[PDB]
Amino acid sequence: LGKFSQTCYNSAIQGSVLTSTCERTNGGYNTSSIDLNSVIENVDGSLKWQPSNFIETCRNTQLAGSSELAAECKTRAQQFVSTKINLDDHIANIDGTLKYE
C-alpha cells in the first residue's frame, strides 16, 4: 500500500494538508492535496495511521437531497442495514474547497 512518493515530486506539508504533484497513470502530472487532519491520530505523543471501516463495511453510497449521504452498512452481526448521515454537519465550503471541520 501507499508508496505515493516514488511517483510524485515537490510535495509540501502545511498545517495538516499534504500537497504533491504526481504522474497521471499515462501522460500528464497532477497537483493535488489531502488533509491529514483525518488520516492521522496522535496516541500518547505518536503519530498513528487512523483506521476506518467505512468503505470496507458499507456499500451503495449515494447522495440524497443536497447534503445527505446514504449507504447500507454491516451491523456487528454482519447484517447490512440502511443508514444515512447529514454531510452538512461537518463538511464545509472553505473558499471553494470542501473541508472536514
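In case it trips you up, residue 1 is the first one in the sequence shown, and so on.
In this entry, 21 to 29 shows the higher mean Cα temperature factor of the pair 21 to 29 and 87 to 95. For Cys73, the recorded CA temperature factor ranks within the middle third of the chain's modelled residues. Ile40: CA B factor lies in the lowest third for its chain, per the PDB record. Per-chain ranking of the deposited C-alpha B factor places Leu63 in the highest third.
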